Amino acid sequence: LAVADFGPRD
Amino acid sequence: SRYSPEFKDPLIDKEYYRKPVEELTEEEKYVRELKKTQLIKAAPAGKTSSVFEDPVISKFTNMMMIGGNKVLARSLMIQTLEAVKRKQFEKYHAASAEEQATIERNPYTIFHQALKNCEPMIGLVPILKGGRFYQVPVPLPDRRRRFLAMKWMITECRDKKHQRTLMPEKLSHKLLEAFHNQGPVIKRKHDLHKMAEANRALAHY
Amino acid sequence: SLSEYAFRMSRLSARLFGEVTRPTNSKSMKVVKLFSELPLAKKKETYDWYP
Amino acid sequence: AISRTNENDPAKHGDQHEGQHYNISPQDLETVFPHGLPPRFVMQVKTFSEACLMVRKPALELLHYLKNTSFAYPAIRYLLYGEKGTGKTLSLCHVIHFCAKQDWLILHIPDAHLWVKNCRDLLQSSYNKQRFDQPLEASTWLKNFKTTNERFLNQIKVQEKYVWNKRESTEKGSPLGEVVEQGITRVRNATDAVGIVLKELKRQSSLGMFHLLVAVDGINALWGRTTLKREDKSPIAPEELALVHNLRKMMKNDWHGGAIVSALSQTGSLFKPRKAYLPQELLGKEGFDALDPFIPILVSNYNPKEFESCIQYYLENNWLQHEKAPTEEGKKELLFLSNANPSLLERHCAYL
Amino acid sequence: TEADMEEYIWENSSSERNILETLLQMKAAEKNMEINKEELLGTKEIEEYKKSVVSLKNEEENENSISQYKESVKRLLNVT
Amino acid sequence: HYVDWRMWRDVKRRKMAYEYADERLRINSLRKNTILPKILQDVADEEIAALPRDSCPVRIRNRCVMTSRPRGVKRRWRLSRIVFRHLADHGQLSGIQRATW
Amino acid sequence: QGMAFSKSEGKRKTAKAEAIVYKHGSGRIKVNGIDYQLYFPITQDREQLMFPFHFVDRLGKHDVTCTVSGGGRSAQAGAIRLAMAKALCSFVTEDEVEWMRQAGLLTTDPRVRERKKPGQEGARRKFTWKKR
Ligand SMILES: Nc1ncnc2c1ncn2[C@@H]1O[C@H](COP(=O)(O)OP(=O)(O)OP(=O)(O)O)[C@@H](O)[C@H]1O
Ligand SMILES: Nc1nc2c(ncn2[C@@H]2O[C@H](COP(=O)(O)OP(=O)(O)O)[C@@H](O)[C@H]2O)c(=O)[nH]1
Ligand SMILES: [Mg+2]
Ligand SMILES: [Mg+2]
Ligand SMILES: [Mg+2]
């Protein structure tokens, strides 16, 4: 979960 | 299957065979003397020893194939690789000597990196506990991550939002977008992860 | 769509091989078929169907 | 630069330049080749930012004949033939460039198959009610013909009075450009304007005004079958088309002062099998009779020297991006799959 | 008619009519007045051209026949 | 002594159709061309329509010869599927066997 | 003329091929008298012809004249691949022949069309189980 890329947050 | 369980899959790798004997270990020596007694399946027509063979593109091609039409699926793939390369040569010639160093013109490198930027690390799978199905955010195996990056890319290009655009132009445009961490398919990856973070409290189900 | 030579050479072959010699449309050629075979009712499989 | 030559004048090319690529200036691409270049070759010019044509024995053989042309004898018909994708079109274009740079008047038909198929507006002609006009096909060619021969369209002057309508007419002595502009401006007169152009050039070339090159790619189209239909859904014959009826006359050796260089193409033909390439198989009986006597020039696959120079030209443009393409094992696979065929090699390299 | 024939005959054909018309224009260009048909069509070059066209018309077309036809046309048209 | 009344009617239809076959063939020939006058063909139409209804061969039905079943009949043996199988399954039909492949 | 050659046969689906591989050559392959790239316009069928010679590093070293009948374009290319590989084994070392065997180049593919069964739509597909 920490490694994963959640994208530019908004 | 028309192959008895005794039939082993063929190993198509020239290097594996030219490897000298001295480099071989006692375990690798046993496997080689064993296969001389085993039955081997006929090599499929898909894969060959050619130096230009790419198992990922061959797989992406099959996931685009409709009704066994490999000729058409293959034609679309090669048209996409040509369209990606031409878009990069046009971006390359129009750029400055400094920007030119950062511009990739190999469509195979773009294709692989575009998919790797879309592979989802974690997915939502309904694990059952207490008589109900809760979409638990579960780790994804390597096979599943690579498959999902392909299915999402092919699905996006088949979407009806694209009006009269041919597949080699749609797919090339999506690959170059994903190659730059941009696009709808990249958003699907990000949203899947964000949904998996909102259901972290449901990991106990 | 045939030359005079071909048209008259085909009409000569028809005379020798006992084919229809006059120009005959497809509808009228059924008369030839009707008399070239036995009627269904006259075939032994038909009138001797049952023991 | 092992695959390139510094000699960019097609008049000085010889056997020592076989297999080497010479550059066609952008100025000559706009003027000499507004049409006729293969569509995929045009893509290569945009991608490589340059037009380079390999010098091969078909064009060299043909350039040798044109340089020794006797302009007093009747025009000679040269027919390029060969298997699909062997370079017939680009051998013709190499010859068109030679004549274009020698101040010849160029009559280039880039594809004669386009005049016998897929015609939306097939109008009846007014000059002859038994023929059909093709305003879009004719106006398109006229625009390209004007571009190639714009410097000669004022010096050349008509030798008759041509009537377009009751009100409008082209009087004797008017520049031929006036005839070419009437067809472009008024598409209804485009098909007859083409017929007047072919009429004047054939007439004035035999008088010594200029040298004329007739270049027709897909010549087998003229004496084959069409897919155009009448309003009663009946098939139309090529002779009934005004564009085809008049182009058929340029292919007769009843004039002198130039040459007729044509190329066969099964690609885009009508009612011909995929593997048909020989002259009679593609031209038919009516076609072979219209051109006989003619000089057939064979175009074949790349020889070992030409194949390697072709690969080097791609590697010099960084077109082959696969890391294994420059290797000896990569080139042997590119040779087996294409079998040295220029078109198959260009298509295979296009995605590698 | 010619369409009914099953064997090509060079005599009184389009080939004979076209080649003879070509040789006359060439003689006129040289300003030579030897316009006799029997003399023009009696040379050995015409016999090779006749033998080549007949082969193309009555036998299977192939690269060797197209080359034999080519060399016969080059001699008649003085193309070297 | 036929299997049923329906087989007996077909027997009569086959007998009457055989008796009128030549007469019907000749009259139909007059109707099946564009050569003769319509006035003559119109009379031939009335003549063939005036023949007995059971002389018309389209009314003949291929019934099972042993059970009179009108459907499920195999023309080659003139038997219904049920009767054919009974004989086939007891090895009484020369050369016929169960098919596996 | 004294040129050494080997001959073999191959079968793929309903396609049957017979190939003559010459000991020495330039890489020419004739299929029913036609150039292989004219007979096989599909790039995948030509890759199958390349596979045996490429695997043993003999591209451009043998001439082949083969005849193939039956089956489709892919089955014909597969049958020729097997016929050429079997004949090519005469001109390679014993160790190379065992490498071709382990690569699946010398095994006749047993995968043939399955018969349709009665009472179902296809060889395996069943008719729709009607809504209850
Ligand atoms: N002389 C040449 N110089 C450079 N490229 C060439 C040459 N000849 C052939 N090619 C390559 O091969 C391709 C096919 O050539 P081209 O279209 O001229 O052949 P063709 O025989 O006229 O084809 P078709 O049978 O379809 O009419 C070109 O687009 C180009 O990539
Ligand atoms: N509009 C127009 N077209 C003309 C005229 N004269 C000739 N043409 C065109 O020029 C072509 C060639 O002329 P010509 O040799 O007289 O044609 P032909 O009479 O059909 O053999 C014709 O087919 C017409 O399309 C003219 O006075 N007006
Ligand atoms: Mg061409
Ligand atoms: Mg019935
Ligand atoms: Mg099915």
# chains A, B, ... in the order shown; residues from 1 in each chain; ligands from 1

$ interface_residues --of "chain D" --to "chain B" --cutoff "6 Å" --atoms "only C-alpha atoms" --output "PyMOL selection string"
chain D and resi 321+350-351

$ residues_near_ligand --ligand "ligand 3" --cutoff "8 Å" --atoms "only C-alpha atoms and all ligand atoms" --output "PDB file with C-alpha atoms, in the first residue's frame"
ATOM      1  CA  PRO D  38       4.324   5.382 -53.451  1.00  0.00           C
ATOM      2  CA  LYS D  84       4.688  -7.054 -56.343  1.00  0.00           C
ATOM      3  CA  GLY D  85       6.735  -4.520 -54.414  1.00  0.00           C
ATOM      4  CA  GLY D  87      10.267  -1.146 -57.152  1.00  0.00           C
ATOM      5  CA  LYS D  88       8.559  -0.605 -60.522  1.00  0.00           C
ATOM      6  CA  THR D  89       7.005   2.700 -59.454  1.00  0.00           C
ATOM      7  CA  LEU D  90      10.193   4.075 -57.903  1.00  0.00           C
ATOM      8  CA  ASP D 217       1.899   3.821 -63.747  1.00  0.00           C
ATOM      9  CA  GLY D 218      -0.668   1.047 -63.856  1.00  0.00           C
ATOM     10  CA  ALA D 263       4.983   0.445 -65.351  1.00  0.00           C
ATOM     11  CA  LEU D 264       2.672  -2.466 -64.623  1.00  0.00           C
ATOM     12  CA  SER D 265       0.973  -2.806 -61.256  1.00  0.00           C
ATOM     13  CA  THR D 267      -1.742  -3.635 -56.838  1.00  0.00           C
TER      14      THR D 267
END

$ residues_near_ligand --ligand "ligand 2" --cutoff "8 Å" --atoms "only C-alpha atoms and all ligand atoms" --output "JSON, numbers by chain"
{"D": [126, 127, 128, 161, 162, 163, 164, 165, 189, 191, 192, 193, 194, 195, 196, 197, 198, 199, 242, 245, 246]}

$ write_last_selection --atoms "C-alpha atoms" --output "short mmCIF file (atom, residue, chain, number, x, y, z; two decimals), in the first residue's frame"
data_model
loop_
_atom_site.label_atom_id
_atom_site.label_comp_id
_atom_site.auth_asym_id
_atom_site.auth_seq_id
_atom_site.Cartn_x
_atom_site.Cartn_y
_atom_site.Cartn_z
CA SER D 126 -20.98 16.99 -73.85
CA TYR D 127 -18.30 16.80 -76.55
CA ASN D 128 -19.42 13.19 -77.13
CA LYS D 161 -9.96 27.17 -81.21
CA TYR D 162 -11.63 25.16 -78.44
CA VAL D 163 -15.21 25.91 -77.39
CA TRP D 164 -16.08 25.31 -73.75
CA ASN D 165 -19.57 26.86 -73.86
CA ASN D 189 -14.65 21.16 -68.37
CA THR D 191 -12.14 16.10 -68.53
CA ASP D 192 -12.13 17.84 -71.91
CA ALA D 193 -9.28 20.13 -70.84
CA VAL D 194 -7.18 17.01 -70.24
CA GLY D 195 -8.03 15.74 -73.72
CA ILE D 196 -6.94 19.06 -75.20
CA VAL D 197 -3.66 18.96 -73.28
CA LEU D 198 -2.82 15.46 -74.52
CA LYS D 199 -3.87 16.57 -78.00
CA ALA D 242 -13.03 10.11 -71.92
CA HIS D 245 -9.98 6.98 -74.44
CA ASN D 246 -7.56 9.91 -74.72
#

$ residues_near_ligand --ligand "ligand 4" --cutoff "7 Å" --atoms "only C-alpha atoms and all ligand atoms" --output "compact mmCIF listing (two decimals) with N, CA, C and O atoms, in the first residue's frame"
# COMPACT_ATOMS: atom_id res chain seq x y z
N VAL F 58 -47.98 -35.35 -55.55
CA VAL F 58 -47.61 -34.63 -54.33
C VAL F 58 -48.38 -35.10 -53.11
O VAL F 58 -47.99 -34.79 -51.99
N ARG F 59 -49.47 -35.83 -53.31
CA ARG F 59 -50.26 -36.36 -52.21
C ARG F 59 -49.75 -37.70 -51.71
O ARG F 59 -50.20 -38.16 -50.66
N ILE F 60 -48.81 -38.32 -52.42
CA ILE F 60 -48.20 -39.55 -51.95
C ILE F 60 -47.30 -39.25 -50.77
O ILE F 60 -46.50 -38.30 -50.81
N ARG F 61 -47.42 -40.04 -49.71
CA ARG F 61 -46.63 -39.88 -48.50
C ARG F 61 -45.78 -41.13 -48.30
O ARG F 61 -46.29 -42.25 -48.38

$ select_by_dssp --residues "chain E" --states "alpha helix (DSSP H)" --output "PyMOL selection string"
chain E and resi 14-29+37-40+44-58+63-76

$ write_last_selection --atoms "N, CA and C atoms" --output "short mmCIF file (atom, residue, chain, number, x, y, z; two decimals), in the first residue's frame"
data_model
loop_
_atom_site.label_atom_id
_atom_site.label_comp_id
_atom_site.auth_asym_id
_atom_site.auth_seq_id
_atom_site.Cartn_x
_atom_site.Cartn_y
_atom_site.Cartn_z
N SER E 14 -2.30 -7.56 -85.57
CA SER E 14 -1.97 -6.23 -85.07
C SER E 14 -0.47 -6.04 -84.94
N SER E 15 0.25 -7.11 -84.58
CA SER E 15 1.70 -7.02 -84.46
C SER E 15 2.34 -6.69 -85.80
N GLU E 16 1.99 -7.45 -86.84
CA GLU E 16 2.53 -7.16 -88.17
C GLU E 16 2.14 -5.76 -88.62
N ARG E 17 0.92 -5.33 -88.30
CA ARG E 17 0.47 -4.01 -88.72
C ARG E 17 1.19 -2.91 -87.95
N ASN E 18 1.46 -3.15 -86.66
CA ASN E 18 2.11 -2.13 -85.84
C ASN E 18 3.60 -2.03 -86.15
N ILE E 19 4.29 -3.17 -86.27
CA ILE E 19 5.72 -3.13 -86.52
C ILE E 19 6.02 -2.54 -87.89
N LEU E 20 5.22 -2.89 -88.90
CA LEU E 20 5.43 -2.33 -90.23
C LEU E 20 5.22 -0.82 -90.23
N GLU E 21 4.18 -0.35 -89.53
CA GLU E 21 3.95 1.08 -89.43
C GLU E 21 5.11 1.78 -88.74
N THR E 22 5.75 1.10 -87.78
CA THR E 22 6.87 1.71 -87.07
C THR E 22 8.10 1.80 -87.97
N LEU E 23 8.40 0.73 -88.70
CA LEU E 23 9.58 0.74 -89.57
C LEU E 23 9.46 1.79 -90.67
N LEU E 24 8.24 2.07 -91.13
CA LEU E 24 8.07 3.08 -92.17
C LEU E 24 8.35 4.48 -91.63
N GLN E 25 7.85 4.78 -90.43
CA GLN E 25 8.16 6.07 -89.81
C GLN E 25 9.66 6.23 -89.60
N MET E 26 10.36 5.13 -89.30
CA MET E 26 11.80 5.21 -89.11
C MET E 26 12.51 5.46 -90.44
N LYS E 27 12.07 4.78 -91.51
CA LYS E 27 12.65 5.04 -92.82
C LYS E 27 12.41 6.48 -93.25
N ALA E 28 11.22 7.01 -92.99
CA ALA E 28 10.93 8.39 -93.34
C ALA E 28 11.84 9.35 -92.56
N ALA E 29 12.11 9.04 -91.29
CA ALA E 29 12.99 9.89 -90.50
C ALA E 29 14.40 9.92 -91.08
N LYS E 37 7.22 -3.27 -98.70
CA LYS E 37 6.80 -4.15 -97.62
C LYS E 37 7.59 -5.45 -97.64
N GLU E 38 7.71 -6.08 -98.82
CA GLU E 38 8.38 -7.37 -98.90
C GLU E 38 9.81 -7.30 -98.38
N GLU E 39 10.49 -6.17 -98.62
CA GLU E 39 11.87 -6.04 -98.16
C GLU E 39 11.93 -5.83 -96.66
N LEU E 40 11.05 -4.99 -96.11
CA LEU E 40 11.08 -4.72 -94.68
C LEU E 40 10.76 -5.97 -93.87
N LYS E 44 16.05 -10.74 -91.29
CA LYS E 44 16.15 -11.72 -90.22
C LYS E 44 15.62 -11.16 -88.90
N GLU E 45 15.76 -9.85 -88.68
CA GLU E 45 15.27 -9.26 -87.44
C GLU E 45 13.77 -9.44 -87.31
N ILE E 46 13.03 -9.32 -88.42
CA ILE E 46 11.59 -9.52 -88.37
C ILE E 46 11.27 -10.98 -88.07
N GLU E 47 12.11 -11.91 -88.51
CA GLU E 47 11.84 -13.32 -88.26
C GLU E 47 12.02 -13.66 -86.79
N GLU E 48 12.96 -13.00 -86.11
CA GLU E 48 13.09 -13.20 -84.67
C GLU E 48 11.95 -12.53 -83.92
N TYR E 49 11.55 -11.33 -84.36
CA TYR E 49 10.41 -10.66 -83.74
C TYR E 49 9.13 -11.46 -83.95
N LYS E 50 8.95 -12.00 -85.16
CA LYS E 50 7.79 -12.85 -85.41
C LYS E 50 7.84 -14.11 -84.56
N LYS E 51 9.01 -14.74 -84.46
CA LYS E 51 9.13 -15.96 -83.68
C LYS E 51 8.92 -15.70 -82.20
N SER E 52 9.25 -14.49 -81.73
CA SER E 52 9.10 -14.19 -80.31
C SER E 52 7.66 -13.89 -79.94
N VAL E 53 6.95 -13.12 -80.77
CA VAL E 53 5.56 -12.79 -80.47
C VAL E 53 4.70 -14.05 -80.50
N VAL E 54 4.94 -14.92 -81.48
CA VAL E 54 4.16 -16.15 -81.58
C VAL E 54 4.34 -17.00 -80.33
N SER E 55 5.57 -17.08 -79.82
CA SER E 55 5.81 -17.85 -78.61
C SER E 55 5.05 -17.26 -77.42
N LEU E 56 5.05 -15.93 -77.30
CA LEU E 56 4.33 -15.29 -76.21
C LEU E 56 2.83 -15.56 -76.30
N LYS E 57 2.30 -15.70 -77.52
CA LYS E 57 0.87 -15.84 -77.72
C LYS E 57 0.39 -17.28 -77.64
N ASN E 58 1.20 -18.24 -78.07
CA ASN E 58 0.78 -19.64 -78.13
C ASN E 58 1.37 -20.50 -77.02
N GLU E 63 9.72 -15.48 -67.99
CA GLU E 63 10.78 -14.48 -68.06
C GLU E 63 11.70 -14.71 -69.25
N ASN E 64 11.88 -15.96 -69.66
CA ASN E 64 12.77 -16.23 -70.79
C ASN E 64 12.14 -15.83 -72.11
N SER E 65 10.82 -15.99 -72.24
CA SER E 65 10.14 -15.55 -73.45
C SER E 65 10.07 -14.03 -73.51
N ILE E 66 9.85 -13.38 -72.37
CA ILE E 66 9.80 -11.92 -72.35
C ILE E 66 11.17 -11.33 -72.68
N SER E 67 12.25 -12.03 -72.34
CA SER E 67 13.58 -11.54 -72.67
C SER E 67 13.90 -11.75 -74.14
N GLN E 68 13.46 -12.88 -74.71
CA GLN E 68 13.66 -13.10 -76.14
C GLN E 68 12.87 -12.09 -76.96
N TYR E 69 11.65 -11.77 -76.53
CA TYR E 69 10.87 -10.73 -77.18
C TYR E 69 11.56 -9.38 -77.06
N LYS E 70 12.15 -9.10 -75.90
CA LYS E 70 12.80 -7.82 -75.68
C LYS E 70 13.95 -7.61 -76.66
N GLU E 71 14.83 -8.61 -76.79
CA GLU E 71 16.00 -8.46 -77.64
C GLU E 71 15.63 -8.31 -79.10
N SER E 72 14.50 -8.88 -79.52
CA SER E 72 14.07 -8.74 -80.91
C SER E 72 13.55 -7.33 -81.18
N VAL E 73 12.86 -6.73 -80.20
CA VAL E 73 12.34 -5.39 -80.39
C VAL E 73 13.47 -4.37 -80.40
N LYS E 74 14.51 -4.59 -79.59
CA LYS E 74 15.61 -3.63 -79.53
C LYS E 74 16.35 -3.54 -80.85
N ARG E 75 16.48 -4.66 -81.57
CA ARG E 75 17.17 -4.62 -82.86
C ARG E 75 16.33 -3.92 -83.91
N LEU E 76 15.02 -4.19 -83.94
CA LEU E 76 14.16 -3.55 -84.93
C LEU E 76 14.08 -2.04 -84.70
#

$ closest_residue --among "D:299, D:184, D:212, D:236" --to "chain E" --atoms "only C-alpha atoms"
D:299

$ select_by_dssp --residues "chain G" --states "strand (DSSP E or B)" --output "NGL selection string"
:G and (5-12 or 15-22 or 29-31 or 34-35 or 64-69)

$ residues_near_ligand --ligand "ligand 5" --cutoff "8 Å" --atoms "only C-alpha atoms and all ligand atoms" --output "PyMOL selection string"
chain G and resi 121-123+125

$ write_last_selection --atoms "C-alpha atoms" --output "PDB file, in the first residue's frame"
ATOM      1  CA  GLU G 121     -23.952 -27.049 -30.405  1.00  0.00           C
ATOM      2  CA  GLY G 122     -20.287 -27.932 -30.903  1.00  0.00           C
ATOM      3  CA  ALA G 123     -17.478 -30.319 -30.025  1.00  0.00           C
ATOM      4  CA  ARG G 125     -20.203 -26.193 -26.363  1.00  0.00           C
TER       5      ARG G 125
END

$ residues_near_ligand --ligand "ligand 1" --cutoff "9 Å" --atoms "only C-alpha atoms and all ligand atoms" --output "short mmCIF file (atom, residue, chain, number, x, y, z; two decimals) with N, CA and C atoms, in the first residue's frame"
data_model
loop_
_atom_site.label_atom_id
_atom_site.label_comp_id
_atom_site.auth_asym_id
_atom_site.auth_seq_id
_atom_site.Cartn_x
_atom_site.Cartn_y
_atom_site.Cartn_z
N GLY D 19 23.09 0.40 -56.16
CA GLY D 19 22.94 0.09 -54.76
C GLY D 19 23.08 1.28 -53.83
N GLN D 20 23.45 2.44 -54.35
CA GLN D 20 23.66 3.63 -53.54
C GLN D 20 22.47 4.57 -53.65
N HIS D 21 22.22 5.31 -52.58
CA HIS D 21 21.05 6.18 -52.48
C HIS D 21 21.46 7.62 -52.77
N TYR D 22 20.78 8.24 -53.73
CA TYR D 22 21.00 9.64 -54.05
C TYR D 22 19.82 10.46 -53.55
N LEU D 37 4.75 9.24 -56.23
CA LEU D 37 5.55 8.52 -55.26
C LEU D 37 4.67 7.55 -54.48
N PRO D 38 5.14 6.33 -54.21
CA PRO D 38 4.32 5.38 -53.45
C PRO D 38 3.90 5.97 -52.12
N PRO D 39 2.68 5.68 -51.65
CA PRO D 39 2.24 6.28 -50.38
C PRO D 39 3.15 5.97 -49.21
N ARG D 40 3.66 4.74 -49.12
CA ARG D 40 4.57 4.40 -48.02
C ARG D 40 5.91 5.11 -48.18
N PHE D 41 6.38 5.27 -49.42
CA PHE D 41 7.61 6.01 -49.64
C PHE D 41 7.45 7.47 -49.23
N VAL D 42 6.26 8.04 -49.45
CA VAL D 42 6.00 9.40 -49.00
C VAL D 42 6.08 9.48 -47.48
N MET D 43 5.58 8.45 -46.79
CA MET D 43 5.70 8.41 -45.34
C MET D 43 7.17 8.40 -44.92
N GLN D 44 8.01 7.69 -45.67
CA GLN D 44 9.43 7.65 -45.35
C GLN D 44 10.09 9.01 -45.52
N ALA D 51 14.33 12.68 -49.01
CA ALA D 51 13.95 11.72 -50.03
C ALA D 51 15.22 11.19 -50.68
N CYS D 52 15.44 9.88 -50.56
CA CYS D 52 16.63 9.24 -51.11
C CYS D 52 16.19 8.00 -51.87
N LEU D 53 16.65 7.88 -53.11
CA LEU D 53 16.26 6.81 -54.01
C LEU D 53 17.48 5.98 -54.36
N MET D 54 17.38 4.67 -54.16
CA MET D 54 18.47 3.78 -54.54
C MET D 54 18.61 3.74 -56.06
N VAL D 55 19.86 3.73 -56.53
CA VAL D 55 20.15 3.60 -57.95
C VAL D 55 20.26 2.11 -58.25
N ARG D 56 19.40 1.62 -59.14
CA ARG D 56 19.30 0.20 -59.44
C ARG D 56 19.40 -0.01 -60.94
N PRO D 58 17.45 -1.50 -63.09
CA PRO D 58 16.29 -1.17 -63.95
C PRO D 58 16.29 0.27 -64.41
N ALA D 59 16.45 1.22 -63.49
CA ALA D 59 16.47 2.63 -63.88
C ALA D 59 17.71 2.95 -64.71
N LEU D 80 8.01 -1.22 -67.48
CA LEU D 80 8.59 -1.83 -66.29
C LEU D 80 7.64 -2.88 -65.74
N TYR D 81 8.15 -4.08 -65.51
CA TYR D 81 7.34 -5.17 -64.98
C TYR D 81 8.14 -5.94 -63.95
N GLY D 82 7.43 -6.59 -63.04
CA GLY D 82 8.07 -7.34 -61.98
C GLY D 82 7.06 -7.71 -60.92
N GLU D 83 7.51 -8.53 -59.99
CA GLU D 83 6.65 -9.01 -58.93
C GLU D 83 6.27 -7.87 -57.99
N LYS D 84 5.22 -8.10 -57.20
CA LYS D 84 4.69 -7.05 -56.34
C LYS D 84 5.76 -6.50 -55.42
N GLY D 85 5.85 -5.18 -55.35
CA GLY D 85 6.74 -4.52 -54.41
C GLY D 85 8.20 -4.55 -54.78
N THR D 86 8.53 -4.77 -56.05
CA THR D 86 9.92 -4.88 -56.47
C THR D 86 10.55 -3.53 -56.79
N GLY D 87 9.76 -2.47 -56.86
CA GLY D 87 10.27 -1.15 -57.15
C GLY D 87 9.95 -0.60 -58.53
N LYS D 88 8.89 -1.09 -59.19
CA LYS D 88 8.56 -0.61 -60.52
C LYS D 88 8.22 0.88 -60.50
N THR D 89 7.41 1.30 -59.53
CA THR D 89 7.00 2.70 -59.45
C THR D 89 8.21 3.60 -59.20
N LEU D 90 9.05 3.23 -58.24
CA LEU D 90 10.19 4.07 -57.90
C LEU D 90 11.28 4.02 -58.97
N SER D 91 11.29 2.99 -59.81
CA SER D 91 12.17 3.01 -60.97
C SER D 91 11.65 3.99 -62.02
N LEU D 92 10.33 4.06 -62.18
CA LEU D 92 9.74 5.06 -63.06
C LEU D 92 10.02 6.47 -62.55
N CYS D 93 9.89 6.68 -61.24
CA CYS D 93 10.11 8.01 -60.67
C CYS D 93 11.56 8.44 -60.84
N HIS D 94 12.50 7.51 -60.72
CA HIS D 94 13.89 7.83 -61.00
C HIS D 94 14.06 8.32 -62.43
N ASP D 217 1.78 4.93 -64.68
CA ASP D 217 1.90 3.82 -63.75
C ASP D 217 0.55 3.12 -63.66
N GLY D 218 0.57 1.79 -63.74
CA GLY D 218 -0.67 1.05 -63.86
C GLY D 218 -1.23 1.06 -65.26
N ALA D 263 4.72 1.50 -66.32
CA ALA D 263 4.98 0.45 -65.35
C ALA D 263 3.70 -0.31 -65.07
N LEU D 264 3.80 -1.63 -64.99
CA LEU D 264 2.67 -2.47 -64.62
C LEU D 264 2.51 -2.50 -63.11
N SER D 265 1.27 -2.61 -62.67
CA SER D 265 0.97 -2.81 -61.26
C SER D 265 -0.24 -3.70 -61.11
N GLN D 266 -0.06 -4.84 -60.44
CA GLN D 266 -1.20 -5.65 -60.03
C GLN D 266 -1.90 -5.04 -58.82
N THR D 267 -1.17 -4.26 -58.03
CA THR D 267 -1.74 -3.64 -56.84
C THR D 267 -2.71 -2.54 -57.25
N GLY D 268 -3.98 -2.70 -56.89
CA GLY D 268 -5.02 -1.78 -57.29
C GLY D 268 -5.67 -2.12 -58.61
N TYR D 277 1.96 -10.91 -62.65
CA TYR D 277 2.91 -9.82 -62.84
C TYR D 277 3.44 -9.69 -64.26
N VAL D 299 12.04 -5.62 -63.26
CA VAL D 299 12.42 -5.14 -61.93
C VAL D 299 12.31 -6.31 -60.97
N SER D 300 13.39 -6.60 -60.26
CA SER D 300 13.47 -7.76 -59.39
C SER D 300 13.74 -7.34 -57.95
N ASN D 301 13.86 -8.33 -57.08
CA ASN D 301 14.16 -8.10 -55.68
C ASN D 301 15.60 -7.62 -55.50
N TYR D 302 15.86 -7.04 -54.33
CA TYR D 302 17.20 -6.57 -54.02
C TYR D 302 18.22 -7.70 -54.13
N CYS D 310 20.42 -1.07 -48.44
CA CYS D 310 19.12 -0.66 -47.94
C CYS D 310 19.08 -0.69 -46.41
N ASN D 341 12.64 -8.71 -50.94
CA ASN D 341 11.61 -7.90 -51.58
C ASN D 341 11.64 -6.49 -50.98
N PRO D 342 11.81 -5.44 -51.79
CA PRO D 342 11.89 -4.09 -51.21
C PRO D 342 10.67 -3.71 -50.39
N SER D 343 9.47 -4.02 -50.86
CA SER D 343 8.27 -3.62 -50.14
C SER D 343 8.12 -4.38 -48.83
N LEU D 344 8.35 -5.70 -48.85
CA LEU D 344 8.27 -6.48 -47.61
C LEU D 344 9.33 -6.04 -46.62
N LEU D 345 10.53 -5.72 -47.10
CA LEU D 345 11.58 -5.25 -46.21
C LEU D 345 11.23 -3.90 -45.59
N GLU D 346 10.68 -2.99 -46.39
CA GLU D 346 10.29 -1.69 -45.86
C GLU D 346 9.17 -1.83 -44.83
N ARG D 347 8.23 -2.74 -45.07
CA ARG D 347 7.13 -2.92 -44.13
C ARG D 347 7.61 -3.59 -42.85
#

$ decode --residues "stretch 56-60 of chain B" --atoms "N, CA and C atoms" --output "PDB file, in the first residue's frame"
ATOM      1  N   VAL B  56       5.648 -10.492 -24.727  1.00  0.00           N
ATOM      2  CA  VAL B  56       4.636  -9.570 -24.220  1.00  0.00           C
ATOM      3  C   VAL B  56       3.773  -9.052 -25.364  1.00  0.00           C
ATOM      4  N   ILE B  57       4.405  -8.639 -26.462  1.00  0.00           N
ATOM      5  CA  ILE B  57       3.647  -8.153 -27.611  1.00  0.00           C
ATOM      6  C   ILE B  57       2.825  -9.279 -28.221  1.00  0.00           C
ATOM      7  N   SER B  58       3.384 -10.489 -28.268  1.00  0.00           N
ATOM      8  CA  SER B  58       2.620 -11.629 -28.764  1.00  0.00           C
ATOM      9  C   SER B  58       1.396 -11.883 -27.896  1.00  0.00           C
ATOM     10  N   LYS B  59       1.511 -11.638 -26.591  1.00  0.00           N
ATOM     11  CA  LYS B  59       0.368 -11.814 -25.702  1.00  0.00           C
ATOM     12  C   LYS B  59      -0.643 -10.692 -25.893  1.00  0.00           C
ATOM     13  N   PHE B  60      -0.165  -9.449 -25.957  1.00  0.00           N
ATOM     14  CA  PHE B  60      -1.059  -8.326 -26.219  1.00  0.00           C
ATOM     15  C   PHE B  60      -1.801  -8.516 -27.534  1.00  0.00           C
TER      16      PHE B  60
END
